[PDB]
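Participant: Provided hereafter are the protein sequence and its experimental coordinates.
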Amino acid sequence: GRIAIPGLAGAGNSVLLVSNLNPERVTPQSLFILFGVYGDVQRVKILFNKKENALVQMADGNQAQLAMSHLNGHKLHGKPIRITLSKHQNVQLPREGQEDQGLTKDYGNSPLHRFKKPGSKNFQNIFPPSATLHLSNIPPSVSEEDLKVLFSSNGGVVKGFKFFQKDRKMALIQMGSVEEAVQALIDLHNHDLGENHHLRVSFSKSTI
């Protein structure tokens, strides 16, 4: 019956899926990271050895969408991705089978953000697959040497290395690839600096 216009009103749903997993190469935190940059990931599930899927419960529709829009042939690890949808309400903690190790996890309101909009959706930052990673939070201890020594000890192509808009606390770097600048993120986001001043990292619009 009544379709050829389903949506607007009731549209957006927050709960995603992640499919076309290679087994090995996809992890629970690789996944958190990108959903949690594109949006603000709410809670994170895996189908371990069940489907070659991930259930990734996102911030809302236009969030979820962007992560599916950006991920969709971002070849993270290096399989043609097919992250799609679920609608599925929320996730509340399941199964023996299921939880035991951290197939499940409960990420709720992770405090890293970078958004921290009080009930905004502003969207300036996000930037589709580029090699140039935005770095933040530096106490008066480390420097560009040590931040750059970090994207240099992970394996890295570290193209360039900089300081942000005007102000200058924040830091910017560029690897050679996303394949890398992505991998290097998954490394450095919330990089356990010490006493909860852990590293914040994403994909920048500025340059080198």
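Facilitator: Happy to help now that I have it. Residues are numbered from 1 along each chain as shown.

Participant: how about residue 172, secondary structure?
Facilitator: State at residue 172, reduced to three classes by DSSP: H, G, I helix; E, B strand; the rest coil: strand.

Participant: count the neighbours of it for me.
Facilitator: By the criterion of other CB atoms under 10 Å, residue 172 has 21 neighbours. Using the backbone N, CA and C atoms, a C-beta is placed for each residue, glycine as well.

Participant: distance of the residue most central in space within the chain from residue 99?
Facilitator: The centroid of the chain falls nearest to residue 34 when counting by CA atoms, centre = their mean (1.8 Å). Taking CB to CB, to the nearest Å as the measure, residue 34 falls 23 Å from residue 99.

Participant: where exactly do the helices run in the protein?
Facilitator: Secondary structure of the chain (DSSP state H): helices at 28-38, 61-71, 96-99, 144-153, 178-181, 183-188.

Participant: give the contact list for the closest residue to residue 163 other than its chain neighbours.
Facilitator: Closest residue to residue 163 apart from its sequence neighbours, by CB to CB, 6 or more residues apart in numbering: residue 171 at 5.7 Å. By CB atoms under 8 Å, 6 or more residues apart in numbering, the contact list for residue 171 reads 135, 136, 138, 144, 147, 162, 163, 164.

Participant: what does residue 204 give?
Facilitator: With CB under 8 Å, 6+ apart, residue 204 has these contacts: 127, 130, 132, 133, 134, 172.

Participant: how many neighbours does the closest residue in space to the fourth one that isn't next to it in sequence have?
Facilitator: On the basis of CB to CB, 6+ apart, the spatially nearest residue to residue 133 that is not a chain neighbour turns out to be residue 181, at 4.8 Å. Number of residues near residue 181 (other CB under 10 Å) recorded here: 26.

Participant: and residue 181, how far is that from residue 78?
Facilitator: From residue 181 to residue 78 the distance is 14 Å (CB to CB).

Participant: over to residue 6?
Facilitator: 35 Å.

Participant: and the spatially closest residue to residue 200 that is not a sequence neighbour, how far from residue 73?
Facilitator: The shortest distance from residue 200 to any non-neighbouring residue, by CB to CB, 6+ apart, is to residue 136 (4.3 Å). As judged by CB to CB, residue 136 and residue 73 stand 28 Å apart.
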